[PDB]
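Asker: My questions will all concern the structure given below.
Derivation of every value follows stated rules applied to the coordinates shown; laboratory data play no part. Backbone-built Cβ (ideal geometry, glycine too); neighbour counts: all protein chains shown.
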Ligand SMILES: NC(=O)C1=CN([C@@H]2O[C@H](COP(=O)(O)OP(=O)(O)OC[C@H]3O[C@@H](n4cnc5c(N)ncnc54)[C@H](O)[C@@H]3O)[C@@H](O)[C@H]2O)C=CC1
Ligand SMILES: NC(=O)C1=CN([C@@H]2O[C@H](COP(=O)(O)OP(=O)(O)OC[C@H]3O[C@@H](n4cnc5c(N)ncnc54)[C@H](O)[C@@H]3O)[C@@H](O)[C@H]2O)C=CC1
């Protein structure tokens, strides 16, 4: 039976990479058909028709059907996975608050729609920026969907961190395990080498260089989005779509034993992350359910960085509360 | 498995951007066969290419064993077993499709020589850049030490587009559609052949039962699909062209299903009255990196007319690149 998958922002950059991955089998593998439900805003519908034409022209055996629309209550109808990509990208004259203000209402409305018409088993992945806060907004506006069903994307941060570590250590990405991104999808994010493993050995022990971690690794990961913008002239697209795919796939199909991934999810207070925030944690997944990895010891350096990020998250929560978005 | 060395030219372009990430995540060889990407561009695009590689790196693809970038085809093609020649000017910005022949041909003269000098003995070469058939003809001719059967031009997009149209018309799913054939040139003279195609074990032309629909709607719709995409999106069909490039290479290397066949523009041995030595689209089955033209098909009158128009065009293009000294 085809999985009903809603994708918002389907005519934009990320969408133009993502839809073809989805329809070709990148999400659930070669034996699981997919129904795509694509949401856009009015002046993009024509372009969306174009995208659908290309989808048709790929002759994808797993693509059971495509519906397009501009009403979230039509498109989210009975969907089991909602990928909320639609939102404006970061502009050059924008402060973070500018983008937060620009995009939040989207998630108020979409959270309400999901609450009204989504399938009982729905999982909701939020890619549109600011990811964490937009997920908080959607979650809060869908009180009849379990709060655990909402996750903001920090998987791009996670994969970027894996890439940087792999490059530094001369290891293959398949040798890198238990990478963690803590907190916000922003320049305050904390990539944690202290619980990661490179080819079976503690990553911090392998790289043996605190000054590298602080001066090169962390800010290269944290500011990689900006670096991509500078090198390419626009924010990440194909890699954001790939990260969206990885996160949703792992969420639905489960994480490898002896590994974990980064997902921004609602905090119950674990690791001193304020309750109610959407914050990136190390998690394992099984049967569509995530579990925050337990028993980790948080060193003083890591604690300082994590707190910096959660402080930023709390500020964002206050800001959207003031705007009346939640 | 040891990483397959795959060259992709035009890597910083639109098709490239839609192609590389699917290649690196396993679309070509499946979940357990790593690949080494070797990416070729011209100098003004190298900076953009760096950005692309940044994104590739940021996907942390387990199958992507490594990436090399450069502008020297002798270096980038070194040891490759698959060369996907996507690099070439597209239509637009002062150029119509007919202008591409002279604009792009020399690329393939040069890359042909490069491949001849440095590619792995087992190399297969797929030409996407337009005009695809004639560019493949040029590449093949300038690589005399590589078997002629190793070169193929992409008609798989036409093929997939025709499958799409047929499935929509008949209310069938794409999995119902078998034995689609595109004959001839990847151009407006292409001939999508419903007479040998199947819709779930039924003759496709009979299922549609409407010769007027075939001639007046189906064929021109398939032919002009690129322009339709542009008119709708405001940008060209990069994702579906990338998808077709992947399909063709994948089926070439891994083989076609036993109940099916695909379209590939390959060198003609005179089969079906297609002048020898043209790179022309044929129905083919594939096994282990080799193609075989499907034999014994009865060519009806109408089909014959259309096929001959397309091969006539291909002959004129061959003559043109011969006059230009590209072969
Ligand atoms: N979390 C992450 O790792 C990353 C997040 N992003 C964010 O993802 C978002 C999308 O980025 P791009 O695709 O590059 O931008 P884009 O502008 O190319 O595409 C956004 C699309 O969303 C559509 N849209 C706007 N409002 C909508 C609504 N209410 N419902 C449905 N669709 C709507 C627009 O019409 C547009 O086509 C941006 O906010 C960007 O900052 C981007 C990269 C990485
Ligand atoms: N056979 C088919 O079904 C299709 C063929 N095409 C053709 O594919 C070609 C590429 O299309 P797009 O990606 O849309 O164009 P594009 O302009 O976005 O990209 C072309 C890229 O090729 C690069 N390039 C030029 N000369 C090169 C050389 N000697 N070596 C390496 N790279 C080189 C350019 O710098 C550019 O980055 C065009 O010729 C287009 O007409 C396009 C769609 C379908």
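Asker: Enter the angle in degrees (range 0 to 90, nearest 10) between the Cα long axis of helix B:301-323 and the first principal axis of the Cα atoms of chain B, meaning the one along which they spread out most.
Answerer: 30 degrees
Asker: Among the DSSP beta bridges whose two residues both lie in the protein assembly as shown, what percent are antiparallel, rounded to the nearest 5?
Answerer: Just about 45 percent of them are antiparallel.
Asker: Against the empirical 2.2 N^0.38 Å scaling, what ratio does the C-alpha Rg of the range B:10-100 come to?
Answerer: Ratio of Cα Rg to 2.2 N^0.38 Å: 1.14.
Asker: Using only atoms on other chains, find how many Cβ atoms lie within 10 Å of each Cβ of peptide A:169-177 and report the average.
Answerer: 2
Asker: I would also like to ask the following. Please state the relative contact order of chain A as a whole percent: Cα pairs under 8 Å, 6+ residues apart?
Answerer: This gives 17 percent for chain A.
Asker: Here's something else I'd like to know. How large is the translational diffusion coefficient of the range A:153-326 in µm² per second when you combine the Kirkwood radius over alpha carbon pairs with Stokes-Einstein at 20 °C and 1.002 mPa s?
Answerer: Reported coefficient: 129 µm²/s.
Asker: Explain nothing, just the number: relative contact order of the range A:223-326, from Cα pairs under 8 Å at least 6 residues apart, as a whole percent. Please report the intermediate quantities before stating the final value.
Answerer: Numbers: 104 pairs, mean separation 20.0, N = 104.
Computed value for the range A:223-326: 19 percent relative contact order.
Asker: Angle check, please: helix B:97-118 long axis (alpha carbons) against the longest principal axis of chain B (alpha carbons), in degrees 0 to 90, nearest 10.
Answerer: 50 degrees
Asker: Now, a different point. Hey, for a label at residue A:46 modelled as a point 7 Å past Cα toward Cβ, could you say which residues of the range B:65-106 have their backbone N under 14 Å away?
Answerer: Output list for this probe position: empty.
Asker: What whole-number volume per residue, in cubic angstrom, does the convex hull of the C-alpha atoms of chain B give?
Answerer: Values: hull volume 43.6 nm³, N = 327.
So the per-residue Cα hull volume is 133 Å³.
Asker: Which residues does the label zone of residue A:121 cover in the range A:278-303, counting backbone N under 18 Å from a point 7 Å along Cα→Cβ?
Answerer: A:285-290
Asker: Just counting partner chain Cβ atoms within 10 Å, what average do the residues of peptide B:11-20 show around their Cβ?
Answerer: 1
Asker: Okay, moving on. Set the Förster distance to 56 Å, then compute FRET efficiency between residue A:275 and residue B:227 from the Cβ-Cβ distance, nearest 0.05.
Answerer: The value I calculate is 0.50.
Asker: If you don't mind, there's one more thing I want to ask. For the pair residue A:216 and residue B:149, what calculated FRET efficiency results from E = 1/(1 + (r/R0)^6), where r is the Cβ-Cβ distance and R0 = 51 Å, to the nearest 0.05?
Answerer: FRET efficiency, residue B:149 to residue A:216: 0.50.
Asker: Go ahead and run the numbers for FRET between residue B:33 and residue B:75, Cβ-Cβ distance against an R0 of 22 Å, rounding to 0.05. Could the numbers behind the result be given before it?
Answerer: Details: r = 24 Å, r/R0 = 1.10.
Calculated transfer efficiency: 0.35.
Asker: Scaled to the compact-protein estimate 2.2 N^0.38 Å, what is the alpha-carbon radius of gyration of the range B:1-153, rounded to two decimal places?
Answerer: 1.00
Asker: Under a no-solvent Debye model with one identical scatterer per Cα of the protein assembly as shown, what's log10 I(q)/I(0) at q = 0.05, 0.07, 0.08, 0.09 Å⁻¹?
Answerer: Those come out to -0.24, -0.47, -0.60, -0.76, one per q.
Asker: Same structure, new question: So how do B:2, B:98 line up by other beta-carbon neighbours within 10 Å, fewest first? It would help to have the intermediate numbers written out before the result.
Answerer: Values: B:2 8, B:98 14.
By the 10 Å Cβ count, ascending, the order reads B:2, B:98.
Asker: Over the whole of B:21-30, what's the average partner chain Cβ count within 10 Å per residue? Rounded to a whole number, please. Before the final figure, lay out each step's value.
Answerer: Numbers: counts 10, 7, 0, 1, 6, 3, 5, 0, 0, 1.
Mean partner shielding for this stretch: 3.
Asker: Taking every DSSP beta bridge that has both residues in chain B, what percent is antiparallel when rounded to the nearest 5? List each step's numbers first, then the result.
Answerer: Working: 19 of 41 bridges.
DSSP beta bridges in chain B are roughly 45 percent antiparallel.
Asker: So how tilted is helix B:238-254 from the main axis of chain B? Cα-based, degrees 0 to 90, rounded to 10.
Answerer: Taking Cα atoms only, the helix is inclined about 90 degrees.
Asker: Would you mind ranking A:38, A:99 so that the residue whose beta carbon has the fewest other beta carbons within 10 Å leads the list?
Answerer: Working: A:38 25, A:99 20.
With the sparsest Cβ surroundings first, the list reads A:99, A:38.
Asker: Something else about it: Below 8 Å between Cα atoms, with a sequence gap of 6+, how large is the relative contact order for the range B:154-327 in percent?
Answerer: 25 percent
Asker: In whole Å, how far is the Cα centre of the range B:166-197 from that of the range A:236-313?
Answerer: Result: 47 Å between the Cα centres.
Asker: Which residue, A:254, A:288, A:233, has the most motion in a Gaussian network model of chain A that connects Cα atoms within less than 10 Å?
Answerer: A:233
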